[PDB]
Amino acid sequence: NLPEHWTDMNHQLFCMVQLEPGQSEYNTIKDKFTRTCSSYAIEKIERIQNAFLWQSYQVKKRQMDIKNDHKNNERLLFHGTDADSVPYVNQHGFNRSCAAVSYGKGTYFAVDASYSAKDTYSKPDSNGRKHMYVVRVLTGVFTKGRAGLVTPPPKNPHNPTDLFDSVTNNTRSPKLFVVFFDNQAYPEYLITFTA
């Protein structure tokens, strides 16, 4: 069930694990951030070990891999948010009802960390600290979004219930993805950083 690179949780179901700087896992996540956010300062990176969220996400992944007849449904994306939302996300994941929604009423994830690093998203807290998640997202098969969507559009108007898995701003060169269901996104790392 639980991934191998997680560390022991003494039979508990939720833990935030601060990563050791200079080790492979920390370097890998840092690199993905610094590709576009090298002018920022990383204070720490934490691994989110939430067993319930992981289980519900992996079930949805298995289902999407069956539905789409392929296994290229996952992307690693970024989500900046304010400090007041961090405890909720760690415990409960991403909730579209807490959403601003130009491509649909869902949760938004950025291809580039620099987009999530905007102060409108990763709002600096009273100490100047900014917060950004690295997220496993089941983008699956996607189409262009539009304002007012509550679910992705149907793949074909002849079967209105067979839906795209997510929407984007631009199908040829996406920079953001919107997902409309719980447990289509697993918050995997939390980056705390400053400008």
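All residue numbers refer to positions in the sequence shown, first residue = 1. Note that the rigid core is defined as the largest set of C-alphas that superpose within 1.5 Å between two forms.
Give, as the answer, the stretch of 69-77 and 111-119 that departs more from the shown form in 9 other deposited structures of this protein; the measure is RMS Cα distance after a core fit.
Checking 69-77 against 111-119 in 9 other deposited structures of this protein, I find the farther stretch is 69-77.
Of the other PDB entries for this protein whose models extend past residue 86 on both sides, does at least a third leave it without coordinates?
Result for residue 86: never missing in the compared entries.
Check whether residue 99 goes without coordinates in at least a third of the other compared PDB entries of this protein that model residues on both sides of it.
Per the records, residue 99 goes unmodelled in at least a third of the other entries.
Residues of the deposited sequence that sit between residue 100 and residue 99 yet are not modelled:
Gap size class: 1 to 3 residues without coordinates, per the record.
133-141 or 147-155, whichever carries the higher mean Cα B-factor:
Of 133-141 and 147-155, the stretch with the higher C-alpha B-factor average is 147-155.
Which is higher on mean Cα B factor in this entry, 27-35 or 157-165?
According to the entry, 157-165 carries the higher average C-alpha B-factor.
Hey, out of 71, 105, 79, 92, whose CA B-factor is highest in the deposited coordinates?
Largest recorded C-alpha B-factor: 71.
Identify, among 17, 179, 176, 9, the residue whose C-alpha carries the highest B-factor in the deposited PDB entry.
Of the options given, 9 has the highest CA B-factor in the PDB entry.
Going by what the PDB entry lists, where does residue 67 fall on CA B-factor within its chain: lowest, middle or highest third?
According to the entry, residue 67 has a C-alpha B-factor in the chain's highest third.
Ordered by C-alpha B-factor within the chain, which third holds residue 56? Give me lowest, middle or highest, please.
Tercile = lowest for this residue's CA B-factor.
Pull the Cα B-factor of residue 49 out of the PDB entry and bin it into the chain's lowest, middle or highest third.
It falls in the middle third of the chain.
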